[PDB]
Amino acid sequence: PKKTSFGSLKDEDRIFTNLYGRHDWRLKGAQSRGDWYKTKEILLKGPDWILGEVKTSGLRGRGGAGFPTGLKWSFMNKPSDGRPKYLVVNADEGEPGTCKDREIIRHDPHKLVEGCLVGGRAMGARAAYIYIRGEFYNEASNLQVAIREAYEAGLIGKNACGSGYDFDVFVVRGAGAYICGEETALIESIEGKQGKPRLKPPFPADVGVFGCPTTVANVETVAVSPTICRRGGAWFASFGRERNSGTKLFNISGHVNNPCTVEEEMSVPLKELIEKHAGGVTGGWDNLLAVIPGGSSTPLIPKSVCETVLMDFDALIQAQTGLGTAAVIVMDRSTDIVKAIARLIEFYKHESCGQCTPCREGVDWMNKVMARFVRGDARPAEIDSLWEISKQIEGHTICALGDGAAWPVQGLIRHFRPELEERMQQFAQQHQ
Amino acid sequence: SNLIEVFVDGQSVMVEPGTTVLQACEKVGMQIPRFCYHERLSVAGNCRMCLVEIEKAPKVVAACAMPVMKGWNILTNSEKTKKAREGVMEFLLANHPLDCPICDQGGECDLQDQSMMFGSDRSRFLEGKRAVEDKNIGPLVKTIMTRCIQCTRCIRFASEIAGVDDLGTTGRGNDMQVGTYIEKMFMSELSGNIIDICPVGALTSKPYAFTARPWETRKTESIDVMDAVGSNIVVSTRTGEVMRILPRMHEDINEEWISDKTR
Amino acid sequence: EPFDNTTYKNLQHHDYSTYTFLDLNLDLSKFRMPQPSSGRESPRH
Amino acid sequence: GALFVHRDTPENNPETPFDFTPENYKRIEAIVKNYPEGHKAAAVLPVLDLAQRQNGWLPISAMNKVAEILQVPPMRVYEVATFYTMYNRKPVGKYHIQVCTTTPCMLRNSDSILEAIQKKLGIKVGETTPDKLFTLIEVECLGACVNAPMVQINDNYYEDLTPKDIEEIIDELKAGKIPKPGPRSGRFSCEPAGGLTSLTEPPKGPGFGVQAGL
Ligand SMILES: Cc1cc2nc3c(=O)[nH]c(=O)nc-3n(C[C@H](O)[C@H](O)[C@H](O)COP(=O)(O)O)c2cc1C
Ligand code: SF4
Ligand code: SF4
Ligand code: SF4
Ligand code: FES
Ligand code: FES
Ligand SMILES: [K+]
C-alpha cells in the first residue's frame, strides 16, 4: 500500500532531465528527451481531460503558495463572455534562496513552452505571456530562441501541432522588482503600470491582465504539465505523501559543502536531502544552527526540528514554517543568526511596493528594530513589542509580501529568543 | 427581488448585489473608518483603516473594496476589528510629523479624529521619523509632504475628476513620494479641491494659511455667484470677517466640488 | 549518440549582445496571430 | 543621490537631445504589437528599457519621448522609471558592477567579494570611477544563490567568485576583454561540485512512460 519513507528518486522518474544543461537545450535536444512528443493528442482530448489529469496528480502550486493547481486552472474553464483569455507564466523568481526557475528556462526552454500550450489549452487561452525577471537577460534570450524554433516547427502559433488550436507565446521582461512575482503585481507590470498588487475578490480568473480572464502559474508548475498529461496523473501521485504528491526541485544553498540545485521526491527528509545531494552541512550535521526550508519568506527552524522534518507542505506547516519554493538555506553555528535575519528584513524593506500602510511603514519599522537587535542596543521588552508589530502586518496587507516579512521575524523570536536577550546584556554592560 | 440579505452586528439589512461592506454598514448608521476611500473617487484599498471582521472568517476584509455576500454578518465593533484599526493607526502615525500646532488641518483632521476614536493612546515607536522635501505645485495649494499618508486621493481626483494626469507616486516602499516628479504647477479650474479631499495637512490652502482654526469659524451656508452654475458653498467667518469658502454638498449641482475662482 | 555527459551544452549565451532579445521579438512578429481589440485606441479615448 | 524628484540641470533637462534610432523604431513597433489593440500603454516597460539600452541611462528627455510615442501621460512614465531599480536615472559607467548581498550570498562571504572590488577600483559602494568605467552598487537576490557569491555586470552573471576571481574579471574588462559568463569554479551551472548526484543515466527517448490513451 502507501509508502512511509520518501526519497531516492530514479532518473527515469525525474521530469527535468536536462536540469544541469549537459545536453542540447534546443528543439532537437528537447524532442529526443520526450518533449513535444504526441502533443497533438493531448490537445484533442479537450480541456476537461487535461484538467482531470492535473486534479488526479494532486499537483500543487510551486510558486510559494501551494494551491491545488488542477483546481486552480478550472476557473478559466468557463464559456466565453466576449473577452480574450490569457495565461501568465510567472518566471520572476525573486525569492531569496530560490534558483529553480532559472534552470528550467535556461536548460529546458521547451517543456516550459510546451507547458504553455497544454496549460493554455486547459484554460482555453489564446496566448501566453511569460514574465521573466529583468536580470535574467541571457535566460530570456534562450527562451526566445526556443519560442522561435517552436513557431518555425509549427508547434505553436496558428494551428498548433496540427490540432486546430491557435496559441501564441510572448515573453515580457521585468525591470527589477521582487514584488512583480506576486500574481496581481505581475499583471499590473505587464499592463505598463507600477508593480503594485491588486486587491481581491476581483480574481484574475474573472478580471486579469488587460481586464481579462487570466491564470498566473509558476514556471515549474507549467513546465511539468505536459509530462503529467503523458505519463498520467496516477504516475505523478505515486510520489510524496498524500496531498503532497509529486517531484520537487530543491535549491540547497548557504553553509553546505556543495550548494546545488537538484530534483527530489516530495516528502524527502530534510536531513537526507542535505546529506545525500548537498554533501552535508559545513562541519557535519553538528555545526548546523538553523535552516530556512522554503526561501526567506518561510520562518527558520532550529537543528532539533531539522532532525526528522520532511520536505512537504503539511509536514513543514506542522513545524511552524512552510515549504515555499523549496529553497533550503542552511546556516551553521558560526553564523550571526540575528544578523542573517536582519538582512532578510532589509531585503523586504527594499522590495515593499509601498502601496498599503502595514508594509510601507511596518516593514521599515521592523528593519530599524532588527538593526538595533543586531547591535544589542535595545531592551528585552522590545522583543515582545517586535512580535506584536509583526502580527499587525500579517493579514492586514493587500499582498503576501507583508506576511513574508513578518514570518522571518517570528521564527527568529520563537527559536532564538535566548540569543537576542544575551546580545542585549553584552551591549548594556559595555555601553554603561 | 434581487436584493440579498446581509447582517451588520446581527441586524438584517437588504442590499443590492455589488454593494460593498462599507456601504452595507452605511444603511444601519455605522460609518467605517477610512483614509483612502472616497465615494466620488475610484476604490484604492491601500490605507487598510477600513479592515473589518466577518463572522466565521479568519481574515479581516477591506470594507471599502469587498462586496458583501449573502448571509454575511459584519462585526464592526469586535475585538479583532478593533485591534486592526489600532495596528493600522499605529503605522500611520509612526513617521507622521509632530506638526499639529503648526498644521492648518488641526481641529478638522481625519487622522487626528480617527486616532482619538479608533487608535491607541500612546506611542511605542522608538526610531527616527521620515522627512520628505516639499514640492511646489502652484500659488494656491501649499504642499508639506512630510504629512502625507500616501492615500492617493489627490492622484485619483486629479485623474478622474479634473482630467489632469500630473500627480503620481515616485519611489517605492517607505520612500514612495506623491508629487509631480518634475517641477510642475497643478494648475486647473478644479485644483483647489485637492485641499478638501486630502485627509491630512499635506495639501492646504495657501491664501488661508495660519489665519484661523476650524473650531472658531462660523459656517454660513450660502450660494456662489462667480458663474451661473450656482454652486452651494459654505462661507467661513471669524469675528465679522470672511476667512474662506468651502464646498457644500448638492448632488444635483456641484456635488462637493467648487471651481478655483469660487474658492 | 555520443553520451558526453561531461560537457556544458549551453554556451550560446556567451555571444548574445545588447539587442539580442529585442531582435528575436522582432523576428517573431511574422508568426503572431492578430491581436484582439477593445474597440478604442486607449482608455482615454 | 537616490532621489526621486527631478531637478533640471544642463546635462539632464527636457531639451536634452534624445530620439530613437531608425532601427529602434522598428523594434518599438514590434514590441507595441505584442499587446492587444487599445492597450499600447503596456509597452512602457520594454520601450523604456530599449531607450536605456541605446543611451545607457534615462534622461528626462528620454522619458518624455517614450510618453509621446505611446500616447501616455509623462507622469505615468516617471512612475515606472522611478519604481523599478534597473532603470538608470543618472549616468553610470559602461560596466555596472552589481554585488548581491542578501543572506544566501552573505552567508558565503559575499562581503569579501565587495571589499576586493572596492580596494581594486579605489571607490566606495554607489560611486563611479573618475574615468566613468565602473560603478559599484549592492543589489538584492539575483536568482543565483546556489552559485553564491556572485555579481552581475551589464547583462552577464559571474558566479562562484572569490576575492581573486573577481579581481581577474575586472582586469579583463578594464583593458579590452569580455570575460565569459558563468561560474568561476570547476562546475558549469548549478550541479553539486564534486560529481553529479543525479541525472547520471542517459535520458529516456521519445515516448517513455506514456499511458494508454494520451
Ligand atoms: C511577494 C511575492 C513574491 C512572489 N514571487 C513569485 C515568483 O517569483 N515565482 C512564482 O511562481 N510565484 C511567486 N509568488 C506567488 C504568486 O503570487 C502566485 O501564488 C503563484 O505564482 C501562482 O502560480 P502557481 O500555481 O504555480 O504557484 C509571489 C508571491 C509574493 C507575495
Ligand atoms: S504588503 Fe507591501 S508589497 Fe504588498 S501591496 Fe502592501 S505595500 Fe505593496
Ligand atoms: S495632518 Fe493632522 S495629525 Fe498630521 S500634523 Fe496636521 S493636524 Fe496633526
Ligand atoms: S497628499 Fe494628501 S491626498 Fe495626496 S496622497 Fe498624500 S495624504 Fe493623500
Ligand atoms: S478606506 Fe479601505 S483601505 Fe482605505
Ligand atoms: S542571495 Fe545572492 S543571488 Fe540569491
Ligand atoms: K487637507
Side-chain angles (χ1 to χ4, degrees), chain A residues 93-100 102 133 135-136 178 251 253-254 259 261 292 295-296 325 327 329 340 343-344 347 354-355 357 360, chain B residues 34-38 41 44 46-47 92 96 103-112 132 134-135 137 141-159 167-169 176-180 186 192-205 208-209 214 246, chain D residues 98-111 113-114 138-152 157-161 190:
Chain A
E93 185 193 326
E95 185 81 327
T98 303
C99 309
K100 59 193 184 66
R102 175 156 178 250
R133 204 177 158 95
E135 289 91 341
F136 291 172
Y178 164 63
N251 304 283
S253 58
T261 294
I292 305 174
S296 59
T325 60
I329 305 165
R343 186 67 184 77
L344 287 184
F347 163 82
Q355 170 169 218
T357 321
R360 179 182 62 243
Chain B
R34 68 205 60 172
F35 284 107
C36 79
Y37 169 80
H38 197 272
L41 306 181
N46 56 256
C47 84
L92 283 172
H96 199 78
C103 180
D104 276 323
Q105 199 80 21
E108 63 187 1
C109 175
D110 273 329
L111 189 55
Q112 264 186 338
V132 181
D134 303 336
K135 322 192 191 315
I137 59 170
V141 177
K142 180 150 78 170
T143 283
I144 297 167
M145 299 306 288
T146 308
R147 303 169 191 167
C148 173
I149 61 173
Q150 287 76 43
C151 87
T152 60
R153 268 186 188 175
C154 59
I155 289 155
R156 287 173 278 151
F157 173 95
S159 165
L167 296 177
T169 40
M176 187 178 69
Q177 290 177 27
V178 176
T180 56
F186 178 58
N193 289 305
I194 65 188
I195 294 164
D196 289 57
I197 50 171
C198 182
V200 294
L203 296 181
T204 59
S205 169
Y208 183 83
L246 289 171
Chain D
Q98 301 166 18
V99 185
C100 188
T101 56
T102 314
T103 291
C105 284
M106 187 200 68
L107 293 171
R108 304 195 68 85
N109 198 17
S110 64
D111 196 332
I113 301 297
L114 198 151
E138 304 176 21
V139 290
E140 306 298 346
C141 180
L142 294 172
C145 324
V146 302
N147 302 115
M150 58 84 64
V151 309
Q152 186 190 12
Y157 278 16
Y158 308 98
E159 324 176 2
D160 293 68
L161 303 171
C190 57

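First listed ligand is number 1; within each ligand, the first listed atom is number 1. Within every chain, numbering begins at 1; the chains are lettered A, B, ... in the order of the sequence lines, protein sequences first and strands thereafter.
Side-chain atoms of B:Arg147 do not come within 3.5 Å of backbone N or O of B:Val200 as any donor-acceptor pair. A:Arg360 contributes a side-chain N or O that, together with a main-chain N or O of A:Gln355, makes up a donor-acceptor pair within less than 3.5 Å. Formation of a donor-acceptor pair under 3.5 Å by the A:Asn251 side chain with backbone atoms of A:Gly295 is not found in this model. Using modelled atom types, no side-chain atom of A:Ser253 and backbone atom of A:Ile329 make a donor-acceptor pair closer than 3.5 Å. At distances below 3.5 Å, at least one donor-acceptor pair connects side-chain atoms of B:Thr146 with backbone N or O atoms of B:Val132. At distances below 3.5 Å, not a single donor-acceptor pair connects side-chain atoms of B:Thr143 with backbone N or O atoms of B:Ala202. Between the B:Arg153 side chain and the B:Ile197 main chain, a donor and an acceptor come within less than 3.5 Å of each other. With D:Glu140 contributing its side chain and D:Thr102 its backbone, the two residues share no donor-acceptor pair below 3.5 Å.
Taking every heavy atom of D:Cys145 and a limit of under 4.0 angstrom, the matching atoms of ligand 6 come to 1 (S), 3 (S), 4 (Fe). Taking a cut-off of under 4.0 Å to the non-hydrogen atoms of D:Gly143, the atoms of ligand 6 that pass are 3 (S). Under a 4.0 Å criterion applied to the non-hydrogen atoms of D:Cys105, ligand 6 contributes the atoms 1 (S), 2 (Fe), 3 (S). Residue-ligand proximity, D:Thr102 to ligand 6, at heavy-atom distances under 4.0 Å covers atoms 1 (S). Ligand-side atoms of ligand 6 in range of D:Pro104: 1 (S), range being under 4.0 angstrom from any heavy atom.
At a cut-off of 2.8 Å, D:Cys141 is not counted among the residues with an N, O or S atom near atom 2 (Fe) of ligand 6. Among the atoms of D:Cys100, an N, O or S atom falls under 2.8 Å from atom 2 (Fe) of ligand 6.
Within the structure, the closest approach of A:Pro96 to ligand 6 does not fall below 4.0 Å when heavy atoms are considered. Using 4.0 Å as the threshold, D:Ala148 has no heavy atom nearer than that to any atom of ligand 6.
Protein atoms that are N, O or S and lie under 2.8 Å from atom 8 (Fe) of ligand 4 are these: B:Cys151 SG.
Using a 4.0 Å cut-off between charged side-chain N and carboxylate O, D:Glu138 and A:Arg343 make no salt bridge.
Side-chain contact of A:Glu93 with A:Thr98: a donor-acceptor pair under 3.5 Å is absent, judged by distance alone.
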